[PDB]
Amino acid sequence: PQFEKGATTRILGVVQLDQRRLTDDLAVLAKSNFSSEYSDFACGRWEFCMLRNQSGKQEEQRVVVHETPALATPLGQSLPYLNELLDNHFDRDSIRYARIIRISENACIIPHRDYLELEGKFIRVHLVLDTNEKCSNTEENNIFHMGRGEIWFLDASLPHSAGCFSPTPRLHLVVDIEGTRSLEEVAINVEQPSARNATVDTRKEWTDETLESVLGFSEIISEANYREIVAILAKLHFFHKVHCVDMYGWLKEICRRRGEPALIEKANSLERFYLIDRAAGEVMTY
């Protein structure tokens, strides 16, 4: 499948981070209750917690297009530096959600598009809090590293993923801005980024040998191992030069070769759910 372009994913600004104050709030987050919502998108320990949402209540853990300035949750009110960053670098009344998104060692989010279930869209922006060179984000055919203190706009309507392959977890502050806002006006009190060369793409060329190894999962794929296989497929594009949606084609061919109708139907359902269309509240299972 092919996907219409949108606003360009890029660095909106760079900010200084107070390491002492940040360290304190990150230490709280290391012991905090992360949501299990959207675990249907997680390949391992990809997870988030709400700092601001519609109601200001901990129970509210899913997103919907809405019209009100986001209210801090008890967790958000307990993280004074992160609360200050939200106050300082964004317009309060434009925020619809604010979250911390943590990826732990060898985890990723499955390649997907956001907003399919929404009546509208958000402008999604990431402020990188704690990362390392073994953490990357992807978009289509591209891989890139979002660095500490950078505020990025991500076009979440293009297929994309994110992973962490370090022992140390990766934390981003992720803000959903009301979708009609002027993107260029979203980040406040920032330094404009100095021009950069592209992130260096160190991934391996994709070969016939690698593809045949993968398609060979047809001999063992089953309901019992379907999730592990999907996760393996999802992680390949962090290390091999392929498009992040290619895994859905691989899965379809694996299942075609196996010849079991249930697995073929499931593979079609996965592509549909992650990339094409979803209803509000719809969850995918294995």
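Start at 1 with the first residue shown and count on from there.
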{"item": "Between 210-218 and 97-105 (mean CA B-factor, as deposited), the higher", "value": "210-218"}
{"item": "Greater mean Cα temperature factor according to the PDB record, 85-93 or 201-209", "value": "201-209"}
{"item": "Residue with maximal Cα B-factor (values as given in the PDB entry) among 173, 177, 183, 146", "value": "183"}
{"item": "Selection from 62, 237, 31, 52 [criterion: highest C-alpha temperature factor in the record]", "value": "31"}
{"item": "Record-listed C-alpha B factor of residue 193: chain third", "value": "middle"}
{"item": "Assigned third (lowest, middle, highest) for the C-alpha B factor of residue 231", "value": "lowest"}
{"item": "CA B-factor placement of residue 260, once the chain's modelled residues are sorted into thirds", "value": "highest"}
{"item": "Assigned third (lowest, middle, highest) for the C-alpha B factor of residue 168", "value": "highest"}
{"item": "Residue 10 - Cα temperature factor, lowest/middle/highest third of chain", "value": "lowest"}
